[PDB]
Amino acid sequence: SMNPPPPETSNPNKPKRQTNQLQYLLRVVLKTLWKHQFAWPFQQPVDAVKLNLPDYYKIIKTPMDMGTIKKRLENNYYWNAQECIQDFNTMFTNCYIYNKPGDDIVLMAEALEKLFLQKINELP
Ligand SMILES: Cc1nnc2c(N[C@H](C)C(N)=O)cc(-c3ccccc3Oc3ccccc3)nn12
């Protein structure tokens with residue numbers, strides 16, 4: 001079995017722009033979620049080979065994770081904050097789609113998402 005290539009994190013043809021909102025997303029949002037006790041499964045792409053989840057990438061067609069988001073913020077991949085917010089939302093939704101309500105992993109994602117939304121309420 002094999003994992004897919006990770007989501008794109010570098011593309012010199014994509015126009016980039018630093019904004020104070022993107023800086024907040026890195027300095028506050030990403031860095032706070034990263035240290036949460038439930039962040040670890042989300043700090044890198046799902047390794048479906050290591051976890052023996054052969055259907056994962058048959059079902060999840062837009063993978064996303066905070067390791068990828070961290071790379072996208074630290075080597076600025078984005079034009080606007082909404083693109084980054086969308087990446088977080090894709091990460092959460094993938095987990096809810098692949099797993100069952102009330103599963104441990106879903107409860108972990110829900111805790112991260114609650115925190116994420118609280119921080120987004122203070123986006124500058
Ligand atoms: C993201 C994302 N979305 N779904 C899953 C997922 N699903 C499987 C079917 C499941 N038993 O819940 C597992 C993991 C995952 C990643 C790295 C290391 C261990 C992992 O297993 C965990 C399982 C429960 C809680 C914590 C970790 N990450 N993950």
Side-chain angles (χ1 to χ4, degrees):
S1 58
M2 298 171 56
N3 291 312
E8 181 174 88
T9 55
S10 169
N11 182 349
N13 278 307
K14 183 182 190 295
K16 310 310 195 311
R17 179 180 66 148
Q18 199 46 263
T19 76
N20 66 310
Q21 294 186 333
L22 284 163
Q23 297 170 311
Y24 172 88
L25 283 170
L26 177 55
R27 175 189 69 256
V28 174
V29 181
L30 180 63
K31 287 174 173 296
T32 297
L33 265 68
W34 193 269
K35 68 186 50 178
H36 193 281
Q37 69 169 304
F38 290 158
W40 59 273
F42 306 91
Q43 288 172 341
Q44 59 286 309
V46 166
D47 188 338
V49 176
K50 180 195 297 181
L51 299 170
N52 187 29
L53 300 174
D55 66 352
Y56 184 85
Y57 291 110
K58 300 290 182 290
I59 297 164
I60 297 306
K61 293 320 203 173
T62 311
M64 189 50 57
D65 65 280
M66 296 200 297
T68 297
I69 293 167
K70 177 170 170 169
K71 288 177 187 193
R72 285 182 174 191
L73 286 166
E74 294 185 337
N75 172 40
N76 184 42
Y77 180 78
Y78 298 116
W79 185 262
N80 65 46
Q82 307 94 279
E83 285 177 280
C84 179
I85 290 162
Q86 183 57 64
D87 286 344
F88 278 100
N89 282 329
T90 296
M91 177 182 82
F92 298 135
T93 292
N94 287 344
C95 186
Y96 307 151
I97 287 173
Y98 182 75
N99 303 100
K100 305 265 73 177
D103 279 353
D104 287 343
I105 191 70
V106 168
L107 293 175
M108 298 173 76
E110 286 176 341
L112 298 175
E113 181 180 26
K114 187 184 177 81
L115 181 58
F116 173 74
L117 288 171
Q118 289 169 327
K119 290 299 148 71
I120 294 305
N121 273 3
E122 295 175 9
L123 190 70

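Just so you know, these numbers use all the heavy atoms, side chains as well, and skip hydrogens, waters and symmetry mates. We count ligands from 1, going down the list as the structure has it; atoms in each ligand are counted the same way. Position 1 is the first residue of the sequence, and the numbers go up from there.
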J.: Please check if the number of heavy atoms outside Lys14 that lie under 6.0 Å from its NZ is greater than 12.
T.: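 Enclosed: over 12 neighbouring heavy atoms sit under 6.0 Å from NZ of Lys14.
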J.: Which word best sums up how the rings of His36 and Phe38 line up, parallel for under 30°, tilted for 30 to 60°, or perpendicular for over 60°?
T.: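 Ring orientation of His36 relative to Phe38: tilted.
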J.: Does the side chain of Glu122 come under 3.5 Å of the side chain of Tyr24 through a donor N or O and an acceptor N or O?
T.: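 The criterion, which ignores hydrogens and geometry beyond distance, is not satisfied for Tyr24 and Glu122.
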J.: Report the residues that fulfil side-chain contact (heavy atoms from CB on, under 4.5 Å) with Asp55, sequence neighbours left out, ordered by chain and then residue number.
T.: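 So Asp55 forms a side-chain contact (heavy atoms from CB on, under 4.5 Å) with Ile59, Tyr98.
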J.: Is it the case that atom NZ in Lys61 sees more than 12 heavy atoms from other parts of the structure closer than 6.0 Å?
T.: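 Atom NZ in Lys61 is crowded, with more than 12 foreign heavy atoms closer than 6.0 Å.
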J.: Tell me, which residues have any heavy atom less than 4.0 Å from some atom of ligand 1?
T.: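 The 4.0 Å shell around ligand 1 contains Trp40, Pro41, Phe42, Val46, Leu51, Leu53, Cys95, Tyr98, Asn99, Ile105, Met108.
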J.: Does a sphere of radius 6.0 Å around NZ in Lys31 hold more than 12 heavy atoms from other residues, nucleotides or ligands, not counting ones at 6.0 Å or beyond?
T.: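 12 or below, so no.
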